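> let's see this in three dimensions:
(5 chains, ligands or ions: 140)
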Amino acid sequence: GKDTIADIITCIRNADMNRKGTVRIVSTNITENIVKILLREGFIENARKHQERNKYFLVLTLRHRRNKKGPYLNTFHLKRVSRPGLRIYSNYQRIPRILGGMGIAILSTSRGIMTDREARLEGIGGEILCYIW
Amino acid sequence: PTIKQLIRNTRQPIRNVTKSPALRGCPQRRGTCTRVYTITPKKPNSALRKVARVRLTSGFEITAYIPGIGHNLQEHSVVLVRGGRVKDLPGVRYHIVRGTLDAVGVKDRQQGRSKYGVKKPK
RNA sequence: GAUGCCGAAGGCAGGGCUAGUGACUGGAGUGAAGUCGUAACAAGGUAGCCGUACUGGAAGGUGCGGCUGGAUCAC
RNA sequence: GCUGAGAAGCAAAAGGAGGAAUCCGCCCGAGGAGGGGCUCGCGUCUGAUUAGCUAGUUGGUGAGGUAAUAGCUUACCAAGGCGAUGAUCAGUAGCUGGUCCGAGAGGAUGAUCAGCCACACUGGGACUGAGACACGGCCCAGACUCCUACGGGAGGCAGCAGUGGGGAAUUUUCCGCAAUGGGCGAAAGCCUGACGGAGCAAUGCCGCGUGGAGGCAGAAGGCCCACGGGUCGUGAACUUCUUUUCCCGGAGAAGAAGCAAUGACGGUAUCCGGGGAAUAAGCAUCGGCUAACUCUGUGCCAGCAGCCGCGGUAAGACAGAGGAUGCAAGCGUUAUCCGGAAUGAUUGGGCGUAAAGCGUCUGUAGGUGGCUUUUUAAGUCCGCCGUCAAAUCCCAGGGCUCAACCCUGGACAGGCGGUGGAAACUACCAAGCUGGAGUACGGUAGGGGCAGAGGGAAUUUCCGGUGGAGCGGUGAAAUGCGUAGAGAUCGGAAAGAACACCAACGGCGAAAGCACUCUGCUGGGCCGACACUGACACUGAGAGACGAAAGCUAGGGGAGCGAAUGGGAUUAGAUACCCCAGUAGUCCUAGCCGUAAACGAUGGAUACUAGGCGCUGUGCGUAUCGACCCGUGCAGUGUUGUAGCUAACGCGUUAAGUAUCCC
RNA sequence: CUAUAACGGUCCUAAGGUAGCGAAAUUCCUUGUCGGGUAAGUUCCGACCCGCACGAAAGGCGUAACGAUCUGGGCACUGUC
Ligand SMILES: [Mg+2]
Ligand SMILES: [Mg+2]
Ligand SMILES: [Mg+2]
Ligand SMILES: [Mg+2]
Ligand SMILES: [Mg+2]
Ligand SMILES: [Mg+2]
Ligand SMILES: [Mg+2]
Ligand SMILES: [Mg+2]
Ligand SMILES: [Mg+2]
Ligand SMILES: [Mg+2]
Ligand SMILES: [Mg+2]
Ligand SMILES: [Mg+2]
Ligand SMILES: [Mg+2]
Ligand SMILES: [Mg+2]
Ligand SMILES: [Mg+2]
Ligand SMILES: [Mg+2]
Ligand SMILES: [Mg+2]
Ligand SMILES: [Mg+2]
Ligand SMILES: [Mg+2]
Ligand SMILES: [Mg+2]
Ligand SMILES: [Mg+2]
Ligand SMILES: [Mg+2]
Ligand SMILES: [Mg+2]
Ligand SMILES: [Mg+2]
Ligand SMILES: [Mg+2]
Ligand SMILES: [Mg+2]
Ligand SMILES: [Mg+2]
Ligand SMILES: [Mg+2]
Ligand SMILES: [Mg+2]
Ligand SMILES: [Mg+2]
Ligand SMILES: [Mg+2]
Ligand SMILES: [Mg+2]
Ligand SMILES: [Mg+2]
Ligand SMILES: [Mg+2]
Ligand SMILES: [Mg+2]
Ligand SMILES: [Mg+2]
Ligand SMILES: [Mg+2]
Ligand SMILES: [Mg+2]
Ligand SMILES: [Mg+2]
Ligand SMILES: [Mg+2]
Ligand SMILES: [Mg+2]
Ligand SMILES: [Mg+2]
Ligand SMILES: [Mg+2]
Ligand SMILES: [Mg+2]
Ligand SMILES: [Mg+2]
Ligand SMILES: [Mg+2]
Ligand SMILES: [Mg+2]
Ligand SMILES: [Mg+2]
Ligand SMILES: [Mg+2]
Ligand SMILES: [Mg+2]
Ligand SMILES: [Mg+2]
Ligand SMILES: [Mg+2]
Ligand SMILES: [Mg+2]
Ligand SMILES: [Mg+2]
Ligand SMILES: [Mg+2]
Ligand SMILES: [Mg+2]
Ligand SMILES: [Mg+2]
Ligand SMILES: [Mg+2]
Ligand SMILES: [Mg+2]
Ligand SMILES: [Mg+2]
Ligand SMILES: [Mg+2]
Ligand SMILES: [Mg+2]
Ligand SMILES: [Mg+2]
Ligand SMILES: [Mg+2]
Ligand SMILES: [Mg+2]
Ligand SMILES: [Mg+2]
Ligand SMILES: [Mg+2]
Ligand SMILES: [Mg+2]
Ligand SMILES: [Mg+2]
Ligand SMILES: [Mg+2]
Ligand SMILES: [Mg+2]
Ligand SMILES: [Mg+2]
Ligand SMILES: [Mg+2]
Ligand SMILES: [Mg+2]
Ligand SMILES: [Mg+2]
Ligand SMILES: [Mg+2]
Ligand SMILES: [Mg+2]
Ligand SMILES: [Mg+2]
Ligand SMILES: [Mg+2]
Ligand SMILES: [Mg+2]
Ligand SMILES: [Mg+2]
Ligand SMILES: [Mg+2]
Ligand SMILES: [Mg+2]
Ligand SMILES: [Mg+2]
Ligand SMILES: [Mg+2]
Ligand SMILES: [Mg+2]
Ligand SMILES: [Mg+2]
Ligand SMILES: [Mg+2]
Ligand SMILES: [Mg+2]
Ligand SMILES: [Mg+2]
Ligand SMILES: [Mg+2]
Ligand SMILES: [Mg+2]
Ligand SMILES: [Mg+2]
Ligand SMILES: [Mg+2]
Ligand SMILES: [Mg+2]
Ligand SMILES: [Mg+2]
Ligand SMILES: [Mg+2]
Ligand SMILES: [Mg+2]
Ligand SMILES: [Mg+2]
Ligand SMILES: [Mg+2]
Ligand SMILES: [Mg+2]
Ligand SMILES: [Mg+2]
Ligand SMILES: [Mg+2]
Ligand SMILES: [Mg+2]
Ligand SMILES: [Mg+2]
Ligand SMILES: [Mg+2]
Ligand SMILES: [Mg+2]
Ligand SMILES: [Mg+2]
Ligand SMILES: [Mg+2]
Ligand SMILES: [Mg+2]
Ligand SMILES: [Mg+2]
Ligand SMILES: [Mg+2]
Ligand SMILES: [Mg+2]
Ligand SMILES: [Mg+2]
Ligand SMILES: [Mg+2]
Ligand SMILES: [Mg+2]
Ligand SMILES: [Mg+2]
Ligand SMILES: [Mg+2]
Ligand SMILES: [Mg+2]
Ligand SMILES: [Mg+2]
Ligand SMILES: [Mg+2]
Ligand SMILES: [Mg+2]
Ligand SMILES: [Mg+2]
Ligand SMILES: [Mg+2]
Ligand SMILES: [Mg+2]
Ligand SMILES: [Mg+2]
Ligand SMILES: [Mg+2]
Ligand SMILES: [Mg+2]
Ligand SMILES: [Mg+2]
Ligand SMILES: [Mg+2]
Ligand SMILES: [Mg+2]
Ligand SMILES: [Mg+2]
Ligand SMILES: [Mg+2]
Ligand SMILES: [Mg+2]
Ligand SMILES: [Mg+2]
Ligand SMILES: [Mg+2]
Ligand SMILES: [Mg+2]
Ligand SMILES: [Mg+2]
Ligand SMILES: [Mg+2]
Ligand SMILES: [Mg+2]
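Residues are numbered from 1 along each chain as shown, chains lettered A, B, ... in the order given. Ligands and ions are numbered 1, 2, ... in the order given. Let me share the structure:
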């Protein structure tokens, strides 16, 4: 648990590859925000919170299998960019865009977390958390 | 691999190693022939190859190949040698430019004459 | 003018580093064809390999320990 | 103005032009701009087979010195300064605007052109001066060249040309101050091998040419041909048109700047006329990559080749011919650099078997590090300013007929510095929180380790009794042991070493390893409870400890086994396999060695991803109220196997899967 | 290819000289041959091995320190010359 962000991302990727809709993730401001964003983008069905023994679990419903489990044309990819060993930052004009914009990029900036779209409207650069296909 | 390790300078390039050290970074060098003789090629290529040992301006002694058909070269002759490798003979990394200094041009060669140092026939 | 201090070559001495060369000798590489053997690959005709010690013209042999990248048979 | 607390003390000049006006000067202050001197942050090659270096060295005072701060100098005081983030030492190198390459990230390099440094025959000094430790100045020493009437002198091309020499290789002992720039002068002007030009050279980049249009489909010739014909080929010859270039004549600039004058280039660039297709195409390649094919000549010869490789009688790979293809006033070969090369990998690789996981731990520096709230604003982000010289690259126009080249204007990057904001993430500051890591408590399994007791088979030898010919051994034998009584058998002693069954695809250990039994000293591990601390974590360069067997030093001990050694065979030989003997060693104490297929051929931590069948230790519920039994929670351990991974084999919750960190 | 002999045959013994060293306090022929030191070296140092006739407790081979030891060379110094 040296990195929480990468961990969330990873659990998602694993549950996804295994064709399961439901994931338990540990909550945190970052986690919660990231998931919110993930919802307003439409990458994930629904999110909700649970509590036991002062632990918080966000469970995430995931988009249903593609017209069977066997014949899948599409998966859902996640990639950590800035990680504890190398922190990647970008100014306004270097802000990444994924596959011509089909995917998104998550930024942590002065005004909070957002997508690259929001950064382009508001004109801010910052730290790039991950890429999402 | 580990960034921390890369910052100890764990990537270093392998320098370019020349194929003709005796030239010392030159297109050609002039030399005098110590000996002219023949050698047999590595099998299964059998023939008799024309080679001469040349002592150069850069001081080295090498063994260089003489192209074409026939030659007038003999000891205490001043020739000009150029690079390039003969896959046949072990140790022979150098040719002898034909048609300059003491090596005349190949007699009666009509085609690709520039390689062998031959005038154009009228 | 003379003289003191500092003073470059020049001198001597021992050092560190490198260049070349040297009777003889140790091994390495390539040489179709030479000599001696046949160690290795099949259970390679005593299973093979690693460490190590002793010995042998030479590949090697045996001892001690280890492993299967061991065949046969056990399933 | 300078010295100085002050009192005081001390310091300057130059005239020349003109008939006069006035001009160019002179001395002392005080500014300005430009040019220099210093000082500091950052960036500024390879080597650990270079690990300690430094004593005016690192600082303090007092005196000196410098244009100025300063160990710049000197005396005294103190003991620092630098260094595993690479000092010192060695090796290489002028650096930067830039140039070449690259999709980019960045690699290599520093010619011309522009800035800076450094040097001037080899070393060292100063002098003059605003400025030098001074290329065509001085002084000395040294090496070398010249002149000398031999007593003495002269000199410094890494200035322009030029000669020798070295070399694969790099140009005329040319013209001119007309332009621009310098120096001196009141000006006239003088000097400028800076510079402006010419000449030589395909060295390179760019433009143009070597003809345009038509040309019976008939002939000569080359070559191929199944002799039918194909192909050089509209190609030439041939007929017309044109004249860039060539040749012969004419005229002829801008460049020159405001009084005319003054042009090295040059009678050149350009413009007009007269002839006339007239003056002008080569070089590689043709096996595959790679575009382009056949024939004669040769026969593992002669030769080719960038790699693979061709060539022993019909060679698309040699040499010749014809034909074709590629480029074209160039075409090839060699050298150098980047590319392709993901082949040193940040973007962008790997480590079970292909090269590659230290033998295994403990841990120092170092790197990363859980959640919540606040703070700060170092990173990070946004705005504005300064600068990062001009030339080059990029964009937009303009000029030489075009292009190359030149000129104007402008800018993205990206760097550094100042300032105003933002506060999510890293970082900091203050307080919190348990799920990570620990402590206490209570349990429980264990060949964990060290130390001390005890036990039995078996074997060997020795002492007897019996007995009386072979034992032992091999594929078959023999050496060997035996009538001096062997082996066999019974009874006795003595000694050492190893621990049958249990034992199992079982247990513990960090690994190595650890098992007859017992007891003592002690290391961990796991499980259940909130009892508690509250991030104390994970890894680990150097460093430390442990580390099978063999081996060694010193002292013991010595049954069996057994390197070496000896004998017997086997065999062409047998320094081997087999047999008979048997020394080191194997054991114990105290050390050293530090290696193994030290293997899961798989570094460690964490998080997350179907199962099925098993086992060990425990806990819970159930079953009975104690052994099962069942279902389950953990911790480890084994076998099949889904997703996914992999070159395949296979791995697959004990990953070789999906991610993060360290080595 | 000349050479030499890792390899084989045979003879004889109780067995046939291993490690290391080697023209040596051991080498006869012999001032062996080669290298070095010297203008010139029968001595000296290093090496070859053809050890007349090395050799393992009559020890073999190394070796720092030491010697009124034996033996070669050099600087200083001198009537040794
Ligand atoms: Mg930046
Ligand atoms: Mg990488
Ligand atoms: Mg290359
Ligand atoms: Mg000196
Ligand atoms: Mg000396
Ligand atoms: Mg030899
Ligand atoms: Mg050899
Ligand atoms: Mg041969
Ligand atoms: Mg064999
Ligand atoms: Mg075998
Ligand atoms: Mg085998
Ligand atoms: Mg043996
Ligand atoms: Mg034996
Ligand atoms: Mg064994
Ligand atoms: Mg006065
Ligand atoms: Mg005066
Ligand atoms: Mg006058
Ligand atoms: Mg007057
Ligand atoms: Mg002034
Ligand atoms: Mg550089
Ligand atoms: Mg002092
Ligand atoms: Mg590239
Ligand atoms: Mg130059
Ligand atoms: Mg310059
Ligand atoms: Mg100077
Ligand atoms: Mg000179
Ligand atoms: Mg000087
Ligand atoms: Mg002065
Ligand atoms: Mg001067
Ligand atoms: Mg000077
Ligand atoms: Mg000069
Ligand atoms: Mg002099
Ligand atoms: Mg002089
Ligand atoms: Mg003079
Ligand atoms: Mg010159
Ligand atoms: Mg010359
Ligand atoms: Mg020359
Ligand atoms: Mg040239
Ligand atoms: Mg002028
Ligand atoms: Mg002027
Ligand atoms: Mg003036
Ligand atoms: Mg002139
Ligand atoms: Mg010029
Ligand atoms: Mg010409
Ligand atoms: Mg030209
Ligand atoms: Mg020309
Ligand atoms: Mg040329
Ligand atoms: Mg051209
Ligand atoms: Mg035509
Ligand atoms: Mg005309
Ligand atoms: Mg023209
Ligand atoms: Mg005028
Ligand atoms: Mg004309
Ligand atoms: Mg083709
Ligand atoms: Mg060819
Ligand atoms: Mg080439
Ligand atoms: Mg044939
Ligand atoms: Mg024939
Ligand atoms: Mg033929
Ligand atoms: Mg024919
Ligand atoms: Mg040909
Ligand atoms: Mg031809
Ligand atoms: Mg070329
Ligand atoms: Mg590369
Ligand atoms: Mg490589
Ligand atoms: Mg690889
Ligand atoms: Mg292998
Ligand atoms: Mg391997
Ligand atoms: Mg390991
Ligand atoms: Mg290993
Ligand atoms: Mg180790
Ligand atoms: Mg550790
Ligand atoms: Mg620490
Ligand atoms: Mg931290
Ligand atoms: Mg955090
Ligand atoms: Mg610029
Ligand atoms: Mg343009
Ligand atoms: Mg134009
Ligand atoms: Mg410009
Ligand atoms: Mg900027
Ligand atoms: Mg800034
Ligand atoms: Mg905050
Ligand atoms: Mg805290
Ligand atoms: Mg014990
Ligand atoms: Mg008993
Ligand atoms: Mg009897
Ligand atoms: Mg007998
Ligand atoms: Mg007896
Ligand atoms: Mg009796
Ligand atoms: Mg008996
Ligand atoms: Mg006993
Ligand atoms: Mg275990
Ligand atoms: Mg055991
Ligand atoms: Mg215990
Ligand atoms: Mg508390
Ligand atoms: Mg280590
Ligand atoms: Mg130890
Ligand atoms: Mg042992
Ligand atoms: Mg021994
Ligand atoms: Mg002993
Ligand atoms: Mg015994
Ligand atoms: Mg035995
Ligand atoms: Mg024997
Ligand atoms: Mg004996
Ligand atoms: Mg025998
Ligand atoms: Mg025995
Ligand atoms: Mg021991
Ligand atoms: Mg090893
Ligand atoms: Mg083992
Ligand atoms: Mg049961
Ligand atoms: Mg488990
Ligand atoms: Mg397995
Ligand atoms: Mg499996
Ligand atoms: Mg793998
Ligand atoms: Mg013979
Ligand atoms: Mg024999
Ligand atoms: Mg023999
Ligand atoms: Mg025999
Ligand atoms: Mg006998
Ligand atoms: Mg005997
Ligand atoms: Mg015998
Ligand atoms: Mg011997
Ligand atoms: Mg031996
Ligand atoms: Mg010897
Ligand atoms: Mg002698
Ligand atoms: Mg002796
Ligand atoms: Mg002797
Ligand atoms: Mg004698
Ligand atoms: Mg000599
Ligand atoms: Mg001699
Ligand atoms: Mg003497
Ligand atoms: Mg001697
Ligand atoms: Mg003897
Ligand atoms: Mg003796
Ligand atoms: Mg004796
Ligand atoms: Mg003695
Ligand atoms: Mg001694
Ligand atoms: Mg004494
Ligand atoms: Mg003295
Ligand atoms: Mg006297």
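> the residue lying closest to residue B:71 once chain neighbours are set aside: neighbour count?
Excluding the flanking residues, the one nearest residue B:71 by Cβ to Cβ, 6 or more residues apart in numbering or on different chains is residue B:50, at 6.4 Å. To be clear about C-beta, it is placed using only N, CA and C from the backbone, and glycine gets the same treatment. Neighbour count for residue B:50, taken as other Cβ atoms under 10 Å in any protein chain shown: 17.
> and if you look at residue A:39?
14.
> confirm it sits in a helix?
Yes: membership of residue A:39 in a helix is supported by DSSP: H, G, I helix; E, B strand; the rest coil.
> now do the helices in the chain.
Since you didn't name a chain, this refers to chain A. A:5-17, A:29-41, A:116-122 (DSSP state H).
> that's the wrong chain, I meant chain B
Using DSSP H, helices in chain B cover B:3-6, B:113-116.
> quick one, which of those helices is nearest to RNA strand C?
For RNA strand C, the closest of the helices of chain B is helix B:3-6, at 28.2 Å, according to Cβ to the nearest atom of the strand.
> show me the contacts for residue 22.
Since no chain was named, I'll use chain A. By Cβ atoms under 8 Å, 6 or more residues apart in numbering or on different chains, the contact set of residue A:22 is A:15, A:59, A:60, A:61, A:62.
> actually, chain B is the one I wanted.
Residue B:22 makes contacts with B:29, B:56, B:58, B:60, B:62, B:93, B:94, as judged by Cβ under 8 Å, 6+ apart.
> quick check: residue A:20 touching residue A:61?
No: using Cβ atoms under 8 Å, residue A:20 is not in contact with residue A:61; the gap is 10.2 Å.
> contacts only, for the residue nearest to residue B:71.
Shown in contact with residue B:50 (Cβ under 8 Å, 6+ apart): B:36, B:38, B:65, B:66, B:71.
> that one and residue B:32, how far apart?
Going from residue B:50 to residue B:32 by Cβ to Cβ, to the nearest Å gives 17 Å.
> same question, residue B:91
In terms of Cβ to Cβ, residue B:91 sits 19 Å off from residue B:32.
> what about these two, which has more around it?
residue B:32 (16 against 9).
> if we ignore the residues flanking it in sequence, what's nearest residue A:82?
Nearest residue to residue A:82 in three dimensions, chain neighbours excluded: residue A:88, at 4.2 Å (Cβ to Cβ, 6+ apart).
> wait, doesn't that neighbour sit right on residue A:94?
No: judged on Cβ under 8 Å, residue A:88 makes no contact with residue A:94 at a distance of 9.8 Å.
> run through who's touching stretch B:9-19.
For stretch B:9-19, the external contacting residues (Cβ under 8 Å, 6+ apart) are B:25, B:83, B:85, B:93.
> return only those of these found close to RNA strand D.
Applying Cβ under 7 Å from any atom of the strand to these, one finds that B:25, B:83, B:85 fall near RNA strand D.
> could I get stretch A:47-61 in PDB with only the CA atoms?
Output of stretch A:47-61 as PDB, limited to C-alpha atoms (Å, rounded to 0.1, in the frame of the first residue of the first chain):
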ATOM      1  CA  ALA A  47     -21.100   3.800  -6.800                       C
ATOM      2  CA  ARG A  48     -22.000   3.600  -3.100                       C
ATOM      3  CA  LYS A  49     -20.400   3.700   0.400                       C
ATOM      4  CA  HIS A  50     -20.300   1.200   3.200                       C
ATOM      5  CA  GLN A  51     -18.900   1.400   6.800                       C
ATOM      6  CA  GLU A  52     -17.700  -1.300   9.200                       C
ATOM      7  CA  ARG A  53     -15.200  -1.100  12.100                       C
ATOM      8  CA  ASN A  54     -14.300   2.500  11.000                       C
ATOM      9  CA  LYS A  55     -13.300   1.300   7.600                       C
ATOM     10  CA  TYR A  56     -15.000   2.800   4.400                       C
ATOM     11  CA  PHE A  57     -15.600   0.700   1.300                       C
ATOM     12  CA  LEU A  58     -16.800   2.200  -2.000                       C
ATOM     13  CA  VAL A  59     -18.500  -0.600  -4.000                       C
ATOM     14  CA  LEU A  60     -18.600  -0.100  -7.700                       C
ATOM     15  CA  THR A  61     -21.000  -1.600 -10.200                       C
END
